[PDB]
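Chemist: Please find final17.tsv (TSV, C-alpha atoms and all ligand atoms) on the next line:
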chain	number	residue	atom	x	y	z
R	1	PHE	CA	77.88	97.40	106.64
R	2	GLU	CA	74.95	99.26	105.10
R	3	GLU	CA	73.14	97.23	102.42
R	4	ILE	CA	74.10	98.24	98.89
R	5	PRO	CA	71.56	98.66	96.04
R	6	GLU	CA	70.27	95.31	94.80
R	7	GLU	CA	71.25	96.14	91.21
R	8	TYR	CA	74.90	95.50	92.05
R	9	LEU	CA	74.17	92.02	93.33
U	1	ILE	CA	95.95	101.20	109.48
U	2	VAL	CA	97.58	101.50	112.91
U	3	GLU	CA	98.49	104.90	114.39
U	4	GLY	CA	97.25	106.77	111.33
U	5	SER	CA	94.56	109.41	110.94
U	6	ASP	CA	91.29	110.12	109.14
U	7	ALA	CA	91.77	110.77	105.42
U	8	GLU	CA	90.67	114.11	104.02
U	9	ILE	CA	87.84	114.08	101.51
U	10	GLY	CA	89.26	113.27	98.07
U	11	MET	CA	92.75	112.72	99.50
U	12	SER	CA	93.15	109.31	97.87
U	13	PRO	CA	90.70	109.22	94.93
U	14	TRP	CA	92.40	106.10	93.55
U	15	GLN	CA	91.56	104.12	96.70
U	16	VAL	CA	89.40	101.08	95.98
U	17	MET	CA	87.58	98.73	98.34
U	18	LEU	CA	87.42	95.05	97.40
U	19	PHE	CA	84.01	93.95	98.68
U	20	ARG	CA	82.70	90.44	99.26
U	21	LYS	CA	79.13	89.98	97.99
U	22	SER	CA	78.04	87.27	100.43
U	23	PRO	CA	78.51	87.88	103.23
U	24	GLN	CA	78.83	91.62	102.55
U	25	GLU	CA	82.19	92.59	104.04
U	26	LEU	CA	85.54	94.27	103.40
U	27	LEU	CA	88.06	91.94	101.77
U	28	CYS	CA	90.96	94.19	100.88
U	29	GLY	CA	92.15	97.49	99.54
U	30	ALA	CA	93.03	98.11	95.91
U	31	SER	CA	93.81	101.02	93.59
U	32	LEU	CA	92.42	102.58	90.41
U	33	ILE	CA	95.01	102.81	87.63
U	34	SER	CA	92.68	103.55	84.68
U	35	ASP	CA	88.95	103.75	83.99
U	36	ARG	CA	88.81	99.94	83.66
U	37	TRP	CA	91.77	98.51	85.59
U	38	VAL	CA	92.24	98.01	89.33
U	39	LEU	CA	95.45	96.85	91.03
U	40	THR	CA	95.56	94.77	94.22
U	41	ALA	CA	97.55	92.09	96.08
U	42	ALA	CA	97.32	88.52	94.74
U	43	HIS	CA	96.83	87.14	98.25
U	44	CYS	CA	93.58	89.14	98.51
U	45	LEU	CA	92.20	86.81	95.84
U	46	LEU	CA	94.22	83.62	96.10
U	47	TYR	CA	95.75	82.15	99.23
U	48	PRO	CA	95.38	78.36	99.53
U	49	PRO	CA	96.78	78.10	103.09
U	50	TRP	CA	93.60	79.94	104.20
U	51	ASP	CA	91.33	78.25	101.62
U	52	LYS	CA	90.99	81.56	99.82
U	53	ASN	CA	90.26	81.44	96.10
U	54	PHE	CA	87.84	84.09	94.94
U	55	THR	CA	86.32	84.21	91.47
U	56	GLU	CA	85.09	87.30	89.59
U	57	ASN	CA	81.45	86.85	90.58
U	58	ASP	CA	82.28	86.64	94.29
U	59	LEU	CA	83.43	90.23	94.34
U	60	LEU	CA	82.63	93.89	93.84
U	61	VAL	CA	84.90	96.91	93.76
U	62	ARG	CA	83.73	100.09	95.45
U	63	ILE	CA	85.38	103.28	94.24
U	64	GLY	CA	85.29	106.84	95.59
U	65	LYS	CA	84.64	105.76	99.17
U	66	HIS	CA	85.44	107.48	102.43
U	67	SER	CA	83.19	105.83	105.01
U	68	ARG	CA	84.06	102.17	105.58
U	69	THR	CA	80.55	100.81	106.12
U	70	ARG	CA	78.11	103.38	104.67
U	71	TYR	CA	76.66	103.19	101.17
U	72	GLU	CA	77.86	106.59	100.02
U	73	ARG	CA	75.00	107.53	97.76
U	74	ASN	CA	75.88	109.88	94.84
U	75	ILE	CA	79.58	109.57	95.65
U	76	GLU	CA	80.86	106.02	95.48
U	77	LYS	CA	80.53	103.83	92.41
U	78	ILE	CA	80.25	100.06	92.49
U	79	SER	CA	81.74	98.00	89.66
U	80	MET	CA	81.58	94.34	88.66
U	81	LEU	CA	84.66	92.33	87.67
U	82	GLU	CA	85.15	91.10	84.12
U	83	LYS	CA	88.38	89.21	84.79
U	84	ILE	CA	91.04	88.61	87.44
U	85	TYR	CA	94.71	88.28	86.45
U	86	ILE	CA	97.13	86.95	89.04
U	87	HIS	CA	100.89	87.10	88.45
U	88	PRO	CA	101.88	83.66	87.07
U	89	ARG	CA	104.85	83.50	89.45
U	90	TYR	CA	103.01	84.72	92.55
U	91	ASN	CA	104.56	82.69	95.39
U	92	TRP	CA	101.79	81.89	97.86
U	93	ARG	CA	103.66	78.80	99.05
U	94	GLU	CA	106.56	80.60	100.69
U	95	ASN	CA	106.91	84.37	101.06
U	96	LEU	CA	104.27	86.13	98.93
U	97	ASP	CA	106.88	86.98	96.30
U	98	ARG	CA	105.21	88.90	93.42
U	99	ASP	CA	102.06	89.62	95.46
U	100	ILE	CA	100.19	91.36	92.68
U	101	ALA	CA	96.95	91.01	90.73
U	102	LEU	CA	94.98	93.00	88.18
U	103	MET	CA	91.21	93.21	87.89
U	104	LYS	CA	89.45	94.40	84.74
U	105	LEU	CA	86.06	96.05	85.28
U	106	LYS	CA	83.00	95.12	83.24
U	107	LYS	CA	82.40	98.80	82.44
U	108	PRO	CA	84.54	101.93	82.71
U	109	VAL	CA	84.05	103.96	85.88
U	110	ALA	CA	83.28	107.66	85.54
U	111	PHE	CA	85.90	109.92	87.10
U	112	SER	CA	84.79	112.55	89.61
U	113	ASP	CA	86.10	114.67	92.49
U	114	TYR	CA	86.28	111.39	94.46
U	115	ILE	CA	87.37	108.98	91.73
U	116	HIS	CA	90.65	109.38	89.84
U	117	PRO	CA	93.53	107.09	88.82
U	118	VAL	CA	97.00	107.02	90.36
U	119	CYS	CA	100.13	106.92	88.15
U	120	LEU	CA	102.36	103.88	87.83
U	121	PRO	CA	106.09	104.64	88.14
U	122	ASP	CA	108.59	104.84	85.30
U	123	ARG	CA	112.16	103.65	85.87
U	124	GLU	CA	113.40	107.17	86.58
U	125	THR	CA	110.72	108.08	89.11
U	126	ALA	CA	111.31	104.74	90.86
U	127	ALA	CA	115.07	105.24	90.97
U	128	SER	CA	114.65	108.75	92.34
U	129	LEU	CA	112.03	108.08	95.00
U	130	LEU	CA	112.62	104.51	96.23
U	131	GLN	CA	115.33	105.50	98.69
U	132	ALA	CA	115.76	104.77	102.39
U	133	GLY	CA	114.27	107.57	104.46
U	134	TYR	CA	111.95	108.83	101.71
U	135	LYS	CA	108.36	108.71	102.89
U	136	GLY	CA	105.34	107.26	101.16
U	137	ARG	CA	101.69	107.17	102.12
U	138	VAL	CA	99.53	104.15	102.90
U	139	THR	CA	95.73	104.17	103.03
U	140	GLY	CA	93.05	101.67	103.99
U	141	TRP	CA	90.04	100.55	106.00
U	142	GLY	CA	91.89	97.75	107.79
U	143	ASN	CA	92.34	97.10	111.50
U	144	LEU	CA	93.31	99.97	113.77
U	145	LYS	CA	95.22	97.54	115.99
U	146	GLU	CA	96.90	94.16	115.62
U	147	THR	CA	94.66	92.42	118.16
U	148	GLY	CA	88.71	97.69	116.04
U	149	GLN	CA	87.71	98.96	112.60
U	150	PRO	CA	87.69	102.61	111.44
U	151	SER	CA	84.63	104.72	110.59
U	152	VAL	CA	86.43	106.25	107.61
U	153	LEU	CA	89.49	105.71	105.41
U	154	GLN	CA	92.76	105.92	107.34
U	155	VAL	CA	96.08	107.38	106.20
U	156	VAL	CA	99.67	107.11	107.44
U	157	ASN	CA	102.97	108.41	106.08
U	158	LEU	CA	105.93	106.04	106.51
U	159	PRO	CA	109.63	106.07	105.56
U	160	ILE	CA	111.18	103.48	103.23
U	161	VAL	CA	113.69	101.37	105.17
U	162	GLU	CA	117.21	100.22	104.19
U	163	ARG	CA	117.11	96.72	102.69
U	164	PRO	CA	119.57	95.22	105.23
U	165	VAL	CA	117.35	96.46	108.07
U	166	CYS	CA	114.28	94.95	106.37
U	167	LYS	CA	116.14	91.64	105.98
U	168	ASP	CA	117.41	91.63	109.57
U	169	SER	CA	113.92	92.23	110.98
U	170	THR	CA	112.45	88.91	109.85
U	171	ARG	CA	113.15	85.23	109.20
U	172	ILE	CA	111.13	85.47	105.97
U	173	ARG	CA	113.15	85.43	102.75
U	174	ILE	CA	112.90	88.95	101.27
U	175	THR	CA	113.14	89.42	97.49
U	176	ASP	CA	113.86	92.26	95.07
U	177	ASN	CA	110.09	92.33	94.38
U	178	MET	CA	109.52	93.66	97.91
U	179	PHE	CA	110.44	96.69	99.93
U	180	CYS	CA	109.71	97.54	103.55
U	181	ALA	CA	108.71	100.75	105.31
U	182	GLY	CA	108.02	102.09	108.77
U	183	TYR	CA	109.74	103.80	111.67
U	184	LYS	CA	112.53	102.26	113.73
U	185	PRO	CA	112.05	101.85	117.50
U	186	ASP	CA	114.50	104.72	118.09
U	187	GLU	CA	112.64	107.16	115.83
U	188	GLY	CA	109.71	107.59	118.22
U	189	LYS	CA	106.96	107.97	115.61
U	190	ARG	CA	105.08	104.84	114.52
U	191	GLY	CA	102.38	103.49	112.23
U	192	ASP	CA	101.81	100.52	109.94
U	193	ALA	CA	99.35	98.88	107.60
U	194	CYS	CA	97.40	95.96	109.07
U	195	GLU	CA	94.92	93.19	108.19
U	196	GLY	CA	92.30	94.55	105.81
U	197	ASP	CA	94.71	97.10	104.29
U	198	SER	CA	96.22	94.46	101.99
U	199	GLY	CA	96.12	95.30	98.32
U	200	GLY	CA	95.95	99.04	99.01
U	201	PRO	CA	98.52	101.51	97.66
U	202	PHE	CA	101.80	102.87	98.99
U	203	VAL	CA	102.04	106.17	97.10
U	204	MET	CA	104.63	108.93	96.74
U	205	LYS	CA	104.22	112.44	95.35
U	206	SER	CA	106.88	113.22	92.78
U	207	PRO	CA	108.62	116.54	93.55
U	208	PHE	CA	109.51	116.76	89.84
U	209	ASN	CA	106.01	116.82	88.35
U	210	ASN	CA	103.74	116.95	91.43
U	211	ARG	CA	101.94	113.72	90.49
U	212	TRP	CA	101.14	110.82	92.80
U	213	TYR	CA	102.76	107.49	91.92
U	214	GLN	CA	101.95	104.06	93.32
U	215	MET	CA	105.26	102.52	94.36
U	216	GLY	CA	103.97	99.69	96.53
U	217	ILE	CA	101.07	97.38	97.36
U	218	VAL	CA	100.32	96.48	100.98
U	219	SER	CA	101.45	92.84	101.15
U	220	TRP	CA	102.57	91.41	104.50
U	221	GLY	CA	103.93	92.03	107.97
U	222	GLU	CA	104.49	90.19	111.21
U	223	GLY	CA	101.73	91.54	113.42
U	224	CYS	CA	100.99	95.25	113.02
U	225	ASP	CA	103.03	98.25	114.26
U	226	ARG	CA	105.37	96.07	116.34
U	227	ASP	CA	108.65	97.61	117.46
U	228	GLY	CA	111.44	96.32	115.26
U	229	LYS	CA	109.09	95.00	112.58
U	230	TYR	CA	108.26	96.66	109.27
U	231	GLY	CA	105.49	96.52	106.71
U	232	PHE	CA	106.34	94.82	103.44
U	233	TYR	CA	105.09	96.06	100.09
U	234	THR	CA	105.01	94.65	96.58
U	235	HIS	CA	107.54	96.54	94.45
U	236	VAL	CA	105.23	97.86	91.71
U	237	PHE	CA	107.92	99.07	89.31
U	238	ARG	CA	109.76	95.71	89.42
U	239	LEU	CA	106.58	94.07	88.16
U	240	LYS	CA	105.48	96.77	85.72
U	241	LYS	CA	106.47	94.74	82.63
U	242	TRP	CA	103.89	92.13	83.66
U	243	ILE	CA	101.32	94.85	84.34
U	244	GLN	CA	101.83	96.34	80.88
U	245	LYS	CA	101.75	92.91	79.23
U	246	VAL	CA	98.36	92.13	80.76
U	247	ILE	CA	96.83	95.49	79.85
U	248	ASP	CA	98.29	95.33	76.32
U	249	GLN	CA	96.95	91.78	75.90
U	250	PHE	CA	93.48	92.13	77.37
T	1	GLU	CA	95.98	108.20	81.92
T	2	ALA	CA	97.61	111.49	80.89
T	3	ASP	CA	95.90	113.00	83.92
T	4	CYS	CA	96.97	110.35	86.41
T	5	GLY	CA	98.01	111.22	89.95
T	6	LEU	CA	96.49	114.71	89.96
T	7	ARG	CA	93.66	114.97	92.50
T	8	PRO	CA	90.55	117.02	91.63
T	9	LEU	CA	90.26	118.39	95.17
T	10	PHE	CA	93.97	119.10	95.64
T	11	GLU	CA	96.47	119.39	92.76
T	12	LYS	CA	93.82	120.39	90.23
T	13	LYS	CA	92.80	123.31	92.48
T	14	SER	CA	96.31	124.02	93.82
T	15	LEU	CA	95.30	122.99	97.35
T	16	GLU	CA	97.62	120.92	99.55
T	17	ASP	CA	96.48	118.21	101.92
T	18	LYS	CA	97.49	118.41	105.57
T	19	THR	CA	100.52	116.09	105.50
T	20	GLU	CA	101.90	115.95	101.94
T	21	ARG	CA	104.58	118.44	103.03
T	22	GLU	CA	105.94	115.68	105.32
T	23	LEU	CA	106.57	113.60	102.20
T	24	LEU	CA	108.26	116.44	100.31
T	25	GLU	CA	110.55	117.21	103.25
T	26	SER	CA	111.79	113.61	103.23
T	27	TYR	CA	112.78	113.78	99.55
T	28	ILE	CA	116.43	114.82	99.50
L	301	LIG	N1	102.02	95.91	107.37
L	301	LIG	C1	101.51	94.91	108.09
L	301	LIG	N2	101.77	94.84	109.36
L	301	LIG	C2	100.67	93.91	107.39
L	301	LIG	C3	100.16	94.14	106.12
L	301	LIG	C4	99.41	93.18	105.47
L	301	LIG	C5	99.15	91.96	106.07
L	301	LIG	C6	98.37	90.89	105.35
L	301	LIG	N3	99.18	89.76	104.93
L	301	LIG	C7	99.18	88.60	105.59
L	301	LIG	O1	98.49	88.40	106.59
L	301	LIG	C8	100.10	87.52	105.06
L	301	LIG	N4	100.87	86.88	106.10
L	301	LIG	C9	101.71	87.58	106.87
L	301	LIG	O2	101.90	88.79	106.73
L	301	LIG	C10	102.46	86.80	107.94
L	301	LIG	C11	103.90	86.52	107.47
L	301	LIG	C12	103.97	85.81	106.14
L	301	LIG	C13	104.52	86.44	105.03
L	301	LIG	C14	104.58	85.79	103.81
L	301	LIG	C15	104.11	84.51	103.69
L	301	LIG	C16	103.57	83.87	104.78
L	301	LIG	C17	103.49	84.52	106.00
L	301	LIG	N5	102.48	87.54	109.20
L	301	LIG	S1	101.26	87.49	110.26
L	301	LIG	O3	101.73	88.13	111.45
L	301	LIG	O4	100.82	86.13	110.33
L	301	LIG	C18	99.96	88.52	109.61
L	301	LIG	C19	99.06	89.05	110.70
L	301	LIG	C20	99.18	90.36	111.14
L	301	LIG	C21	98.35	90.85	112.13
L	301	LIG	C22	97.38	90.04	112.69
L	301	LIG	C23	97.25	88.74	112.26
L	301	LIG	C24	98.09	88.25	111.27
L	301	LIG	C25	99.65	91.73	107.34
L	301	LIG	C26	100.40	92.69	108.00
L	302	LIG	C1	91.35	78.35	92.26
L	302	LIG	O1	90.21	78.60	91.48
L	302	LIG	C2	90.44	78.29	90.04
L	302	LIG	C3	89.20	78.49	89.31
L	302	LIG	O2	88.02	78.09	89.94
L	302	LIG	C4	90.92	76.88	89.87
L	302	LIG	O3	91.08	76.55	88.50
L	302	LIG	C5	92.13	76.65	90.62
L	302	LIG	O4	92.55	75.29	90.46
L	302	LIG	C6	91.91	76.94	92.05
L	302	LIG	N1	93.09	76.70	92.88
L	302	LIG	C7	94.43	77.35	92.81
L	302	LIG	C8	94.80	78.41	91.84
L	302	LIG	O5	95.28	76.98	93.60
L	303	NA	NA	116.63	87.85	108.37
L	304	NA	NA	107.32	98.64	113.51
For the structure just supplied, provide its representation as structure tokens.
Modeler:
Amino acid sequence: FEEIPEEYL
Amino acid sequence: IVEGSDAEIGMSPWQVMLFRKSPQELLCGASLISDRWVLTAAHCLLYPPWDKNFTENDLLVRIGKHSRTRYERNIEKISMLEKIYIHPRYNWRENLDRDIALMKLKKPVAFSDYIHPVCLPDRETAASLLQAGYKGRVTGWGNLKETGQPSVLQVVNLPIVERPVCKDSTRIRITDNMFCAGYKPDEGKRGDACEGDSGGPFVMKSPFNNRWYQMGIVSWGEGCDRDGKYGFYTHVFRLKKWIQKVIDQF
Amino acid sequence: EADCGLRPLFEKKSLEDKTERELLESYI
């Protein structure tokens, strides 16, 4: 899985 | 999805991915039913026999996706969960009776070419379409085989099966809150949902008003795409009074 | 919503997807 933008974490 | 095919772009704009934050991985499918409500299977969130009990902050929902693993910049939208609602009579102890859960999003998602809600059935649409032989459509990023994983969303069309045939295919106690679907061994064609597809939608396109309706939720099955076995789906209309009660309440 | 179940890239544009006809043909 490609890393998702940090803002969603 | 076993023995299905690649979805077309925007084919299933209500498809939702339930995503684990840590470790980052696919948990389940789900569906968009309004700008703030997502429908899934209860066992995607709560299943004590497997020590599964997710809370809101464990999870994300990813909407508008096609690729399974890619971050689809400018296309998908990622939402946080405000609250999970599991059916109070969800039977995780025995047979996954009432395998249904709602998730309210923290903020409304913007609709787009790739993001759009599915309809929930009325009594009349359910009575008309939930008939043996009538085909619905199942979508998901789950396993391609029982015993790997797809590059993009998979789709398969499958016929609803007569209730006695469903019952005779399994030792599990079937209830009125379930239906089963899939081809018989003699029909040649095949296909099934599989692990990872759980919580995703079984949809039908009404020939009366040309709208897509979600009739089922991918729930359970013995293996995947086995001859003489069928996929079992939560009967969405049978549980719609609970759905409406939750949305009206919260 | 009032607009539920109508896909921007299909119904809204009067385009059919490649297998929805299979569903329609099963609906007696
Ligand atoms: N349509 C299908 N084939 C399908 C769709 C969704 C699922 C996910 N659900 C589950 O795994 C829940 N358990 C099962 O389905 C159980 C039966 C059961 C039903 C109710 C209560 C307790 C047990 N069957 S099982 O064969 O253990 C699930 C399984 C399928 C493929 C690989 C590994 C495991 C599994 C299969
Ligand atoms: C699951 O998690 C909730 C909240 O953390 C908890 O209250 C509950 O007892 C847990 N177990 C269940 C529902 O079996
Ligand atoms: Na039986
Ligand atoms: Na089968």
Chemist: For residue 4 in chain R, list every protein, DNA or RNA residue within 10 Å, evaluated using all atoms listed in the file, and leave out those in the same chain fewer than 6 positions away; present the list as a ChimeraX atom specification.
Modeler: /U:21,24,70-73,78
Chemist: Pick out the residues sitting within 7 Å of residue 198 in chain U, and hand them over as an NGL selection string; count all atoms listed in the file, and ignore anything fewer than 4 positions along from it in its own chain.
Modeler: :U and (28-29 or 41 or 44 or 218-219)
Chemist: Please identify the residues whose atoms come within 7 Å of ligand LIG 301 (chain L), using only C-alpha atoms and all ligand atoms, and report them as a list in words.
Modeler: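 Result of the 7 Å neighbour search around ligand LIG 301 (chain L): residues 92, 94, 95, 96, 146, 147, 172, 192, 193, 194, 195, 197, 198, 218, 219, 220, 221, 222, 223, 224, 225, 230, 231 and 232 of chain U.
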Chemist: Specify as a list in words all residues of chain R found within 8 Å of chain U, counting all atoms listed in the file.
Modeler: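 Those within range of chain U come out as residues 1, 2, 3, 4, 8 and 9 of chain R.
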Chemist: Residues within 12 Å of ligand NA 303 (chain L) should be enumerated using all atoms listed in the file and returned as a PyMOL selection string.
Modeler: chain U and resi 163-175+229
Chemist: Return as CSV the residues of chain U lying at most 7 Å from chain T, together with the closest atom-to-atom pair for each and the distance in Å to one decimal, counting all atoms listed in the file, with rows in chain order and ascending residue number.
Modeler:
residue,atom,partner,partner_atom,distance
U:10,CA,T:9,CA,6.0
U:13,CA,T:7,CA,6.9
U:34,CA,T:1,CA,6.3
U:113,CA,T:8,CA,5.1
U:116,CA,T:7,CA,6.9
U:117,CA,T:4,CA,5.3
U:118,CA,T:5,CA,4.3
U:119,CA,T:4,CA,5.0
U:133,CA,T:26,CA,6.6
U:134,CA,T:26,CA,5.0
U:135,CA,T:23,CA,5.3
U:136,CA,T:23,CA,6.5
U:207,CA,T:24,CA,6.8
U:211,CA,T:5,CA,4.7
U:212,CA,T:5,CA,4.3
U:213,CA,T:5,CA,6.4
Chemist: Provide the CA of residue 123 in chain U to CA of residue 244 in chain U distance in Å, to one decimal place.
Modeler: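 Answer for the CA of residue 123 in chain U to CA of residue 244 in chain U separation: 13.6 Å.
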Chemist: For range 138-143 of chain U, find every residue with an atom within 6 Å (counting all atoms listed in the file), except residues of its own chain fewer than 6 positions away, and show them as a PyMOL selection string.
Modeler: chain U and resi 1+149+153-156+194-197+201-202
Chemist: Hey, which of U:239, U:45, U:63, U:17 ends up closest to residue 109 in chain U? Count all atoms listed in the file.
Modeler: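 Among U:239, U:45, U:63, U:17, it is U:63 that comes nearest to residue 109 in chain U.
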Chemist: Work out how far CA of residue 144 in chain U is from CA of residue 235 in chain U, in Å to one decimal.
Modeler: 24.2 Å
Chemist: One decimal, Å: what's the distance from CA of residue 238 in chain U over to CA of residue 125 in chain U, could you say?
Modeler: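 About the pair CA of residue 238 in chain U and CA of residue 125 in chain U: they are 12.4 Å apart.
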Chemist: Kindly work out which residues sit at most 7 Å from ligand LIG 302 (chain L), using all atoms listed in the file, and give the list as a PyMOL selection string.
Modeler: chain U and resi 46+48+53-55
Chemist: In terms of the shortest atom-to-atom distance over all atoms listed in the file, which of U:30, U:18, U:204, U:158 is closest to ligand NA 304 (chain L)?
Modeler: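 With all atoms listed in the file as the atom set, the closest residue is U:158.
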Chemist: Using only C-alpha atoms and all ligand atoms, which of the listed residues (U:124, U:248, U:56, U:227) sits closest to ligand NA 304 (chain L)?
Modeler: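 The closest residue to ligand NA 304 (chain L) is U:227.
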Chemist: So which one's closest to ligand NA 304 (chain L), U:50, U:183, U:90, U:114? Using only C-alpha atoms and all ligand atoms, please.
Modeler: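 Among the listed residues, U:183 lies closest to ligand NA 304 (chain L).
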Chemist: As a compact mmCIF listing (two decimals), keeping the file's coordinate frame, please: range 5-16 of chain T completed to N, CA and C atoms.
Modeler:
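Heads up, here's the output in selection24.txt:
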# COMPACT_ATOMS: atom_id res chain seq x y z
N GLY T 5 97.28 110.75 88.79
CA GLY T 5 98.01 111.22 89.95
C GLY T 5 97.80 112.68 90.31
N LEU T 6 96.85 113.33 89.64
CA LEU T 6 96.49 114.71 89.96
C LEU T 6 95.08 114.71 90.54
N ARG T 7 94.95 115.09 91.81
CA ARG T 7 93.66 114.97 92.50
C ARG T 7 92.75 116.16 92.24
N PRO T 8 91.49 115.91 91.85
CA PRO T 8 90.55 117.02 91.63
C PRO T 8 90.46 117.99 92.80
N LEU T 9 90.49 117.49 94.03
CA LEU T 9 90.26 118.39 95.17
C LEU T 9 91.56 118.94 95.74
N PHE T 10 92.70 118.58 95.15
CA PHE T 10 93.97 119.10 95.64
C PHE T 10 94.82 119.67 94.50
N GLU T 11 95.60 118.85 93.81
CA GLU T 11 96.47 119.39 92.76
C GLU T 11 95.71 120.19 91.70
N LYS T 12 94.53 119.72 91.31
CA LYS T 12 93.82 120.39 90.23
C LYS T 12 93.35 121.80 90.62
N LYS T 13 93.25 122.03 91.93
CA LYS T 13 92.80 123.31 92.48
C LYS T 13 93.93 124.08 93.16
N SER T 14 95.14 123.53 93.08
CA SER T 14 96.31 124.02 93.82
C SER T 14 96.04 124.14 95.33
N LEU T 15 95.42 123.11 95.90
CA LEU T 15 95.30 122.99 97.35
C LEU T 15 96.16 121.83 97.83
N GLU T 16 96.81 122.00 98.98
CA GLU T 16 97.62 120.92 99.55
C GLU T 16 96.86 120.22 100.66
